[PDB]
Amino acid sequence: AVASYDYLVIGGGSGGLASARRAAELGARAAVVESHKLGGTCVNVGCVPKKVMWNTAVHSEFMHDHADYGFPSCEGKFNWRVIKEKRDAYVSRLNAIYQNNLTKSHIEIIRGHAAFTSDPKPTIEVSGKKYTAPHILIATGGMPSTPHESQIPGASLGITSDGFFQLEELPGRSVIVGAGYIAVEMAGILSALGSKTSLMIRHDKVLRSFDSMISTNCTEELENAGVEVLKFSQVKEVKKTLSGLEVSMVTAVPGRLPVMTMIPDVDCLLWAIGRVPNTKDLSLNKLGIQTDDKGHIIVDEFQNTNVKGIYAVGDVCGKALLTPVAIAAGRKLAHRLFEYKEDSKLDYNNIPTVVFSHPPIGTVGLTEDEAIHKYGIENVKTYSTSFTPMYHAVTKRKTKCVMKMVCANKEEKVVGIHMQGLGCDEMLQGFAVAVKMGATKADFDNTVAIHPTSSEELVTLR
């Protein structure tokens, strides 16, 4: 027996929920399949609990300035368990809201793990029951990548971001492996909260896919914050000891000889080396659904798979792994399918992003090097500044603000904006609207500044 819907969504995370809710608004008879907790990575083990911990870190860092601002010092210890409990309660409140959003939209929730069947007409099975629809969205997300034991014996002794959100105490000594978003954000949080923290990176800098200015500056800010950045370093082996884990490292700096070092007494080894898509047990082969070598579902610009009536959005596709991207792609797809808007699709250019470092990073558009490759060196002009925000005019501790504008062609179209500094997390969104509209440098300089702010520096570059 097979129940029919207009729309079946596999995965109740950001993308799947957003697409189902918009489809239902257009009248679709929809159901969402979820094997674990509604809200997916974002709510449970991602964006939201991360941000709570970032706010906790941020608070702690500012408090090192309390005496400089005229107050008696604040010298006691952080209590991880306090905030863990409150963070968990917030996640539970969101789980309840997301469930209610589906109920209010009359979207059926199917609890369990979906897999495709080999019915020529696309059908899924969940707990022995079959479901079909003319439109099936795969929105199953990803999971942390960990090294294989055959490569790094002992790797299973480390944790990932999933395990980070299960920690019940502050680790005394932390080693974070990797050089992208999670490594940067988690190292900064753990070090701000009092862990003796090292960040082990394969090259000389973090965030190497970002503009060079950001990669340089972020690495410097980590070091100045007390994170020990172990450059040109990789883990060879991990062993359990009486005193935590011992991490065997190889360091191979260009121009020097390679060197092996043991790092003893590690309480927390965190692998932050990318994500892999959650597709292994979907039975994609039963329908011939195309994947790459890593298991990502292949899609066109409209989120179609190679199989009619099957679509995919979000992290499972491997492109632009951000909550708002999953949401926007999922909504655009709902309008295409259920409002018949044949040209509705997400533009993957000019997507803004923030890294919750200390201070935070904002970027949208092309790096300077990407613009030079695209437009030619003679047709790219960059404008930049660096300054110490006036917040620190009265403090002994310092952070910098760096900003870069990348402009193309004679009209100086703004094709990239890159910044790190206090406030940059909230500053970027509006600049992203201007960039999406094709703003030129003249449009920025025609906008009157707001004083005194950091944001005004972006409209007064020369």
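The term rigid core refers to the most C-alpha atoms you can superpose between the two forms while keeping them within 1.5 Å. Note that residue numbering follows the sequence shown and begins at 1.
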Can you check whether 71-79 or 339-347 lies farther from the displayed model in 8 other deposited structures of this protein, averaging C-alpha distances as RMS after superposing on the core?
71-79
Comparing 154-162 with 250-258, which has C-alphas lying farther from the shown form in 8 other deposited structures of this protein once the core is aligned?
250-258
Per the record, averaged over C-alpha atoms, which has the higher B-factor: 71-79 or 381-389?
71-79
Mind pulling up the entry and telling me whether 416-424 or 432-440 has the higher mean Cα temperature factor?
432-440
Among 360, 141, 318, 226, which residue carries the highest C-alpha B-factor recorded in the PDB entry?
226
50, 404, 410, 397, ranked by C-alpha B-factor: the highest one
410
Binned into thirds over the chain's modelled residues, the C-alpha B-factor of residue 133 lands in the middle
Going by the CA temperature factor in the PDB record, which third of the chain does residue 4 belong to: lowest, middle or highest?
middle
Compared with the other modelled residues in the chain, in which third is the CA B-factor of residue 153?
highest
By the recorded C-alpha temperature factor, relative to the other modelled residues in its chain, which third is residue 125 in?
highest
Ranking every modelled residue in this chain by its Cα temperature factor as given in the entry, which third contains residue 271?
lowest
